[PDB]
Every structure is written in structure tokens, then in C-alpha cells.
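All remarks here apply to the structure that follows.
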Amino acid sequence: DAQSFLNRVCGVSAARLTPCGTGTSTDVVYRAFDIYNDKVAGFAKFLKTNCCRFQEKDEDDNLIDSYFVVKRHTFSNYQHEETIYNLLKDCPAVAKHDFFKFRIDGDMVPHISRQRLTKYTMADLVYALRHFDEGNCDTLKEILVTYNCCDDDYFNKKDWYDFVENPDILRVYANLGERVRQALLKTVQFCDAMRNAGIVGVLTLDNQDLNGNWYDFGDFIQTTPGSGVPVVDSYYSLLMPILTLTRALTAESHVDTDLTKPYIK
Ligand SMILES: Nc1ncnc2c1ncn2[C@@H]1O[C@H](COP(=O)(O)OP(=O)(O)O)[C@@H](O)[C@H]1O
Ligand SMILES: [Mg+2]
């Protein structure tokens with residue numbers, strides 16, 4: 001049944017979940033991957049069809065920006081990603097994973113469940129700000145609304161996106177900055193967690209939600225501990241136009257790097 005699957009996705013964590021899809025079936029979503037394999041490459045919007053998505057509601061039954069992504073795949077990938085997670089489990093900049101095997105139709109399909117991710121990832125934000133189209137900007141509007149950058153009526157303005165007709169949009173974009181900067185800090189933790197665990201892998205923007213956690217260990221190979229290496233060449237470089245558009249480092253002008261504290265004299 002699709003309800004017992006929901007109960008297992010809830011797990012030991014006290015979570016109230018509602019299915020973003022329907023009937024223990026994968027939810028298909030148009031996302032913004034940064035991919036490179038033997039056949040395809042590039043920073044493009046693909047259509048992912050490998051994850052069952054559930055949305056959490058806080059009591060009072062309001063839907064919040066926290067999702068349980070229950071990607072199902074082959075068993076060897078399940079075991080390998082379970083081991084890589086058990087190596088990287090203790091890092092705080094790692095999404096919470098739950099590994100189980102659920103009898104879907106007549107077979108025990110192995111599912112991995114990433115808990116309390118956001119709706120969009122850092123790749124979606126970077127793509128929305130790097131491939132901007134004012135006629136088709138719905139992920140940028142949703143990202144700005146869901147993180148209290150604006151009030152969802154700010155887009156009723158004629159040219160809200162224009163930098164020279166509405167300079168106030170800068171003030172809106174800077175409201176993402178502290179959310180971006182924390183993500184950066186999370187990366188520096190995750191890299192460390194790889195380096196001390198001996199895990200080699202490429203860091204991509206689509207494996208990090210807007211909170212900052214990391215959840216994709218499929219193409220991570222482990223070496224001797226203390227000598228791993230994260231490849232962050234494409235991660236940081238694609239992010240660079242966003243680190244000044246959102247003014248991510250404005251918290252560095254304050255004493256003790258706290259936005260509430262006064263500026264450094
Ligand atoms: N054809 C496929 N069907 C299902 N899962 C796949 C397929 N190809 C790759 N995967 C898995 O998906 C992962 C990459 O998919 P991705 O869209 O990043 O999902 P996520 O980022 O949520 O893990 C890889 O680690 C791999 O294990
Ligand atoms: Mg991924």
C-alpha cells in the first residue's frame with residue numbers, strides 16, 4: 001500500500017508527511033543539474049524521475065519547505081551509498097539518510113530516504129540567476145518567496161527584475177546572501193569530512209539543498225582515510241556570479257561575523 005510506504009518514510013523521526021506524488025510512485029520534477037558523464041555534459045535543466053518526494057507539514061497542518069526524498073535505485077548503489085554515508089554520517093553538513101528495503105509490488109526494492117531537504121537545490125538557484133528569463137522565472141520567484149526575500153506581491157511591479165529601473169531588487173537578492181554563505185561554510189565542512197575519511201568525489205551544486213546539506217554519494221569512491229580529495233572546481237566556479245549578486249559576504253563586515261552585531265571599525 002502507499003500508506004505503509006508513507007509510514008516507513010516517516011520513520012522513527014516524528015514527521016507528518018503528505019505525498020507530493022501519488023500512490024507509492026516516483027514524482028517527476030524538472031530540475032537544474034550540473035552533469036558530466038560518458039555521454040552527456042553541461043549545466044542544464046533535466047527531468048529527474050528517480051525520486052519519490054513527500055512534503056512535511058508542521059502541526060496546524062501547514063506545508064513547510066522540508067521534503068523527504070526517497071530515491072530508489074539498484075541494490076549495489078544502495079549498499080555503496082550506505083557505506084559512504086556511514087563514513088560521512090557524523091558531519092553536520094550532511095543530510096540525514098535512512099536506508100530501508102520495502103516490498104513495492106512483489107519485490108523488496110531498496111530505497112534511500114533523504115530527510116528534510118528543501119524543494120530546490122543550489123543548482124536550481126544558480127541556474128535561475130544565471131539563465132534568467134523574465135517571461136519564465138517561476139523557480140526564482142518561488143525561491144525568493146519561500147525564504148522571505150520578498151512578499152509575493154513584489155512581482156506585481158512592472159519591471160521588478162530590472163537592475164536600473166528597480167534597483168531595490170538588489171536588496172531582495174542580498175536577502176539570499178546569508179543563506180548562500182552558510183551553504184559555503186557547509187561545503188568547507190563536507191570537504192573536510194571527505195578529506196579525513198578518504199573519500200574521492202566531485203562536488204556538484206545539485207547535491208546540496210538551499211539549507212546546505214549534502215545527500216548524493218553515488219559517484220564517491222573511498223581511498224585510505226586522511227587522504228581523500230573533493231573536486232570543487234565546477235561547484236565554486238558556477239556559484240561565483242551568485243556570491244556577489246546576493247552579497248554573500250556582507251556578514252564579514254560585522255564583528256564576530258554576526259549580522260546583528262555592529263560593523264567592524
Ligand atoms: N537510470 C537511473 N535510474 C535511477 N537512478 C539512477 C540512474 N542513474 C543514476 N542514478 C542514481 O542517481 C544518482 C544521481 O541522481 P540525482 O539526480 O543526483 O539524484 P540525487 O541527487 O537525489 O541522488 C546517482 O548516484 C545514481 O546512484
Ligand atoms: Mg545528485
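Following the order of the C-alpha cells, chains are lettered A, B, ..., residues in each are numbered from 1, and ligands are numbered from 1.
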
- Enumerate residues in contact with ligand 1: an atom-to-atom distance of at most 10 Å, counting only C-alpha atoms and all ligand atoms. Format the result as a VMD selection string. chain A and resid 31 to 35 46 to 52 69 to 78 80 to 81 112 to 114 121 204 to 209 214 to 220

- Message: Report as a PyMOL selection string all protein, DNA and RNA residues lying within 8 Å of range 230-239 of chain A, evaluated on only C-alpha atoms, omitting residues in the same chain fewer than 2 positions from it.
- Response: chain A and resi 126+191+194-195+199-205+228+241-243

Generate the output file for the selected residues, C-alpha atoms, as an mmCIF file, in the first residue's frame.
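Output below, filename again.cif:
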```cif
data_model
loop_
_atom_site.group_PDB
_atom_site.id
_atom_site.type_symbol
_atom_site.label_atom_id
_atom_site.label_comp_id
_atom_site.auth_asym_id
_atom_site.auth_seq_id
_atom_site.Cartn_x
_atom_site.Cartn_y
_atom_site.Cartn_z
ATOM 1 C CA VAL A 126 22.408 29.206 -9.657
ATOM 2 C CA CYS A 191 35.118 18.698 2.125
ATOM 3 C CA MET A 194 35.730 13.750 2.923
ATOM 4 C CA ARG A 195 39.405 14.599 3.413
ATOM 5 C CA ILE A 199 36.606 9.684 0.030
ATOM 6 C CA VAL A 200 37.185 10.923 -3.527
ATOM 7 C CA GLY A 201 34.304 12.582 -5.331
ATOM 8 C CA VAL A 202 33.183 15.559 -7.369
ATOM 9 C CA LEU A 203 31.021 18.123 -5.585
ATOM 10 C CA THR A 204 28.135 19.404 -7.708
ATOM 11 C CA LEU A 205 25.601 22.120 -6.944
ATOM 12 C CA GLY A 228 40.629 11.903 0.274
ATOM 13 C CA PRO A 241 28.379 35.117 -10.063
ATOM 14 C CA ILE A 242 25.905 34.458 -7.225
ATOM 15 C CA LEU A 243 28.333 35.278 -4.394
#
```

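For the residues A:97, A:16, A:131, A:171, ranking by smallest atom-to-atom distance to residue 62 in chain A using only C-alpha atoms places A:16 first.
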
- Task: Identify, with DSSP run on backbone atoms, the residues in range 179-218 of chain A assigned to helix (DSSP H, G or I), and express the list as a ChimeraX atom specification.
- Result: /A:179-195,205-207

- A:22, A:163, A:123, A:110 ranked by distance to ligand 2, top pick (using only C-alpha atoms and all ligand atoms): A:123

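The interatomic distance for the pair CA of residue 122 in chain A and CA of residue 246 in chain A works out to 13.0 Å.
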
- Task: Write down as JSON, numbers by chain the residues of range 16-85 of chain A whose backbone DSSP state falls under strand (DSSP E).
- Result: {"A": [17, 18, 19, 27, 28, 29, 30, 31, 34, 35, 36, 41, 42, 43, 46, 47, 48, 49, 50, 51, 53, 54, 55, 56, 57, 58, 62, 63, 64, 65, 66, 67, 68, 69]}

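Minimum atom-to-atom distances from A:15, A:104, A:87, A:264 to residue 57 in chain A were compared using only C-alpha atoms, and the lowest value belongs to A:15.
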
- Task: Can you work out the spacing between CA of residue 183 in chain A and CA of residue 83 in chain A in Å, to one decimal?
- Result: 24.4 Å

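Proximity to residue 119 in chain A at 7 Å, evaluated using only C-alpha atoms and with sequence-adjacent residues fewer than 2 positions away removed, yields residues 65, 66, 67, 117 and 121 of chain A.
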
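For residue 140 in chain A, the non-local neighbours within 8 Å, defined as residues at least 4 positions apart in the same chain or in other chains and counting only C-alpha atoms, are residues 125, 128, 129 and 144 of chain A.
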
- Message: Please report the interatomic distance between CA of residue 23 in chain A and CA of residue 8 in chain A in Å with one decimal.
- Response: 14.1 Å
